[PDB]
Amino acid sequence: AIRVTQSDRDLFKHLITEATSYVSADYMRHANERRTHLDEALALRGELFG
Amino acid sequence: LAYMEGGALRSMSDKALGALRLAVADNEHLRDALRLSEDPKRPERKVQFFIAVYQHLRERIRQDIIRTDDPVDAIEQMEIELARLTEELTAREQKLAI
Amino acid sequence: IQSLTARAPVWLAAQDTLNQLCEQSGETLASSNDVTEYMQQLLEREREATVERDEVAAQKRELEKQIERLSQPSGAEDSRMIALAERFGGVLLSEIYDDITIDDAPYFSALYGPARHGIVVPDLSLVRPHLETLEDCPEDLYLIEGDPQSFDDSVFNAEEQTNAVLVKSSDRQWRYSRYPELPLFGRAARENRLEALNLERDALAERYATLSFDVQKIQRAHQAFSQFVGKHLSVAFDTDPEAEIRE
Amino acid sequence: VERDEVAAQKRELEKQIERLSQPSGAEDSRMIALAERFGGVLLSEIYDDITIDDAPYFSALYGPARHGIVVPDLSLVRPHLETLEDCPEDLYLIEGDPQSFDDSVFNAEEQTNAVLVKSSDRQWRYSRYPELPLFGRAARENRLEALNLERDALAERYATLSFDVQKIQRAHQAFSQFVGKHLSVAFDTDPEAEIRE
């Protein structure tokens, strides 16, 4: 039993970690890109109007 | 992660992908999804890959001994099982027979 | 803004770990002192669950020992008795009465009393030289003389009474035995009773499994909180930087 | 955890000592009632004062019959026998003078650390020397005191562990308060130099 459960735990713990990091990092990068786009739009808008 | 520059984020993403390629080598469904995920112009594909991974894990939980549907929560129960089984392994030594 | 920005990521990591930790528990934490008092309640639950675990363990040990006494070869004080049975030209009495029915089993068990598990040896003088060597034996060994193959009822001054038996063991000595239930002799249905005991012990094993699992859960919860405070208090429960940066 | 462990063992010792109900080492009161119902006396009560040196020998000699009533008549029991239901499942009775109890009929022969008794026709019984014999009790106060010594050792160990835990908790509270009120400035440099600049 200890052998089987050891294998299952190792598989779960490694695969879940890699999937989570790979997905979440890209998700946050997109969030930051959108923030940068909004900041650029507002800055250029402001100085253009003024 | 909100307080980091994009270069570090990309470094982590790339190294994670490097690990994933090896982890997912044998499976085909997950391998197809991961393949589809790497075009930057279609973000939802990555979350779809994540959903595929979670569903695939949920089928393998073996609920005979576990009940949580979320795998991340199932890790703690596997840890508890390891501790308990290692404790049961201790000794009895009442050995005497014909 | 620079100070707040440098401080922010640490506070955010700490908050994520804290939220995960308290959500994992039933109670919600709000301060250092609160976390400490939760530590104490966790210790109390440890030391209660452990007591129930140990008590059930004691019952399980008793059950296995009881089952084991009824096992083999003809359930008896088997540790030494089998060797003691062959080292003399004799046969174990309980083995001679292996086949007796359930109706006569209580009668015979009352009749033979403590001597149920003695050995039959037809001379009892051939043991006299061997006897001095017996340093490894039950504290009270019983020997009977008769034909092991067709052993006649040992001459007892026996007398049947209502649900009991009277016997004169010696001049100026009498023993009075009340009919027991589920006796030694008749080791055909005594397997029936050990079957009942197996059914009983299954439940104890299951319950003990659950209790041990619970104790391990509590111990790991304490480990998690200790790890947390080791890595976390420097910024725990501080004010949110997102708000102040926005301001 | 350790102080709880010691408390559990001390409970076990206290239970064992409590099991020494009366006078020092429990004796079944039901047997006293039975000895009252028939003219006679409990055998252990007759030999409760014999020397500790010979006590194991006597206990080996009597075997299961150690707990029995000395009834010199045996005529009172037989009519009352069918009336006995609360009695111990294996009741033992012996005939002799309770006041001056002559040696019971045993064809007893003494072996190295053991006794051999020809109980009946075609029956011998063999027994080895035990400890804590039922006879020669003399209250066996020395065993009660040995158990008391063990119990007091456990109590002392428990006391030390409780004291230690109290110390540790006090240190913990001190640190909690410190990080509650000085952590923000802990390990920083002296501001006087900067003020001078």
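For this deposited structure, the header cites cryo-EM as the method used and 3.7 Å as the resolution.

K.L.:
I'd like a description of the interface of chain D and chain C, backed by residues and values.
P.N.:
Contact with chain D, which involves 39 residues of that partner, is made by 41 residues of chain C. On inspection of chain D and its partner chain C, the count reaches 3 salt bridges. The salt bridge involving D:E109 is made with C:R128; its shortest N-O contact spans 3.1 Å. Connecting chain D to chain C are 19 residue pairs in polar contact.

K.L.:
Requested: an account of the sheet that holds strand 1 (residues 91-92) of chain C, with residues and values cited.
P.N.:
If you walk across this open sheet you meet the 6 strands as 1(C)-2(C)-3(C)-6(D)-5(D)-4(D), and the pairing is mixed. The open sheet has two free edges, formed respectively by strand 1 of chain C together with strand 4 (108-111) of chain D, since each of these has just one partner strand. Strand direction decides the pairing type here: strand 4 of chain D and strand 5 (residues 114-120) of chain D, joined by 4 bridges, are antiparallel. Residue pairing for strand 5 of chain D: D:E109 is matched across the bridge by D:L116. Each of strand 4, strand 5 and strand 6 (123-128) of chain D is contacted by helix 4 (residues 55-62) of chain D, which is oriented at about 150° to strand 6 of chain D, the strand it contacts most.

K.L.:
How would you explain the interface of chain B and chain C if you had to name every residue and give the values?
P.N.:
When the parts of a complex come together, some accessible area is lost, and that lost area is often used as the size of the interface. Each side of the interface is counted separately: chain B has 11 residues, and chain C has 12 residues. Between chain B and chain C, the buried area comes to about 1200 Å², and carbon and sulfur atoms account for 65% of it. Contact with chain C buries area across many residues of chain B, yet B:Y3, B:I80 and B:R84 alone supply 47% of it, more than any other trio. The tally of links from chain B across to chain C stands at 3 salt bridges.

K.L.:
Before we move on, can you summarise the sheet that holds strand 5 (residues 164-170) of chain C with the specific residues and values?
P.N.:
A sheet is described by the order of its strands in space; here 6 strands give the open sequence 4(C)-5(C)-6(C)-3(D)-2(D)-1(D), paired in mixed fashion. At either margin of the open sheet sits one strand with a lone partner, and together these are strand 4 (157-161) of chain C together with strand 1 (41-42) of chain D. Summarising the sheet, strand 5 of chain C and strand 6 (residues 173-178) of chain C pair through 5 bridges and their orientation is antiparallel. Residue pairing across strands places C:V167 opposite C:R175, the latter belonging to strand 6 of chain C. Helix 5 (residues 105-112) of chain C rests against strand 4, strand 5 and strand 6 of chain C of the sheet, and its axis sits at about 155° to strand 6 of chain C.

K.L.:
Tell me what's going on with helix 1 (residues 6-23) of chain B, and back it up with residues and numbers.
P.N.:
For helix 1 of chain B, with 18 residues, the first-to-last C-alpha span of 25 Å sits near the 26 Å given by 1.5 Å per residue. Along helix 1 of chain B, the residues classified as buried are B:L9, B:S13, B:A16, B:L17 and B:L20. Relative to the axis of helix 1 of chain B, the buried residues are bounded by an arc of 110° and lie together on one face. Among the exposed residues of helix 1 of chain B, those pointing more than 90 degrees away from its buried face are B:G7, B:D14, B:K15 and B:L22. Next to the buried residues of helix 1 of chain B lie helix 1 (2-49) of chain A together with helix 2 (29-37) and helix 3 (44-59) of chain B.

Definitions and cut-offs
Residues numbered from 1 in each chain as written, not as in the entry; some residues may be left out. Chains lettered and ligands numbered in written order. Part of a larger assembly, values for the part shown. Heavy atoms only, no water. Contact = heavy atoms within 4.5 Å. Salt bridge = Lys/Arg side-chain N within 4 Å of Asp/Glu carboxyl O. Polar contact = N/O pair within 3.5 Å; in protein donor to acceptor, adjacent residues only side chain to side chain. Pairing = 2+ DSSP bridges. Helix = DSSP H or I, 4+ residues; strand = E, 2+ residues; numbered from the N terminus. Axes fitted to C-alpha atoms, helices over the stretch in contact; angles between N-to-C directions. Buried area = accessible area lost by both parts, 1.4 Å probe. Expected span 1.5 Å × (residues − 1). Buried < 20%, exposed > 50% of the residue type's maximum accessible area, 1.4 Å probe, protein only. Arc of directions from axis to C-beta.

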